[PDB]
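Since the structure comes first, as structure tokens, the remarks are kept for the end.
Read-outs throughout are calculated quantities, based only on the coordinates presented, and are distinct from any laboratory measurement. Note that we place each Cβ from the backbone using ideal geometry, even for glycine, and neighbour counts take in every protein chain shown.
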Amino acid sequence: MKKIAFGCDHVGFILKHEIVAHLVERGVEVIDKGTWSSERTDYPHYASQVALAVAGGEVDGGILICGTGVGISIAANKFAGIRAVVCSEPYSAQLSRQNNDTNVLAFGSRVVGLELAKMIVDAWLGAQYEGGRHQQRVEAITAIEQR
Amino acid sequence: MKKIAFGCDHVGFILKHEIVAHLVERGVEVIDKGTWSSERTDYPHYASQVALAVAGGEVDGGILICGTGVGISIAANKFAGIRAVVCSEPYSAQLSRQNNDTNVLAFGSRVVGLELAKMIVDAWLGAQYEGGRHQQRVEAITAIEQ
């Protein structure tokens, strides 16, 4: 995860500058997909921008923030080749990389505070997909897509 | 949410008996898609069973349990007509009903303890979808499905 496409709605935006700064500090190139203010806007559009960038290989992964991260991650997961984890603790983030090869992480600005959110990001970026027995399971997910 | 399709893998199974018993205590009729023991099994199959039930209108919603809930909910979200929330607290569950009309709830037997899980289930079951400005956003999720 060297370059990441970032997206958020107006509610997720409250964490944007700090999370972007944290990613730059961790040495990742952030491709910013918006939004750019607290002006009311629709989360599915930003989900699409990040998801398209990840699925099309222009970026290694995506990070998405809304009020809870849930709606924005449901939208992302609708795209083929996207496996998005939403969570409020770092164990789920870490294991989803290890077992599910997640390429998109989401969380909620009204659920997690900033420093917990930073720890979830670190746990996600720090984990490696373990393949092995988990591969046939991940392949089952793809099969669901292409039916 | 009067009829719920339930599914889990062998790790999610550690919460099955008490979560199913709790749904029944709250007057929910549970359609059990398995699994039925702690023998190793693959979570995508139980995701499909629940998703196909919800999508085909056989039940009102779905509940899924694995180690974290994430892989099983990612699988479920790949099905047309499913909006699945995974979480480890009740706020996300509740708001996902209110704003996103979620029809599947997932959580992790290795992430949340039993009584917190019951509270998440209660919040999800008790919340109403509010429609309004949210329907446009939900319609956009469906548009991605095509």
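A straight Cα-to-Cα reach below 30 Å connects A:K33 with the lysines A:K2, A:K3, A:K16, A:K78, A:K118, B:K78, residues fewer than 8 places away in its own chain not being considered. The 3J(HN,Hα) values that the Karplus relation (6.51, -1.76, 1.60; θ = phi - 60°) gives for segment A:122-138 are, in residue order, 4, 5, 5, 5, x, 8, 10, 4, 8, x, x, 4, 6, 5, 4, 5, 4 Hz. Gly and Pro appear as x.
Based solely on its DSSP helices, what 222 nm [θ] is calculated for the protein assembly as shown when runs of n ≥ 4 H residues each add -39,500 (n - 2.57) and the sum is averaged over all residues, nearest 500 deg cm²/dmol?
Here the helix-only value at 222 nm equals -14000 deg cm²/dmol.
Taking other C-beta atoms within 10 angstrom as a stand-in for reagent exposure, A:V70, B:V85, B:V20, A:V24 fall in the order A:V24, B:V20, A:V70, B:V85, fewest first.
Seen from A:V11, the other residues with C-beta closer than 14 Å to its C-beta sum to a net charge of +2, counting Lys and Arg as +1 and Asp and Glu as -1.
In this entry, the protein assembly as shown is assigned a mean projected area of 13.3 nm², taken as a quarter of its C-alpha convex hull surface.
Rounded, prolate or oblate, given the Cα gyration tensor of chain A, with a/c below 1.5 counting as rounded?
prolate
If the viscosity is 0.692 mPa s and the temperature 37 °C, what translational diffusion coefficient in µm²/s does Stokes-Einstein give for segment B:3-43 when Rh comes from Kirkwood over Cα pairs? Intermediate values should be presented prior to the final figure.
Numbers: Rh = 10.4 Å.
The Stokes-Einstein estimate is 316 µm²/s.
Roughly how many debye, to the nearest 20, is the charge dipole of the protein assembly as shown about its Cα centre, given +1 on each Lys and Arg Cβ, -1 on each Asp and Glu Cβ, and no other charges?
On the way: 27 positive and 32 negative charges, 33 e Å.
The dipole of the protein assembly as shown has a size of about 160 debye.
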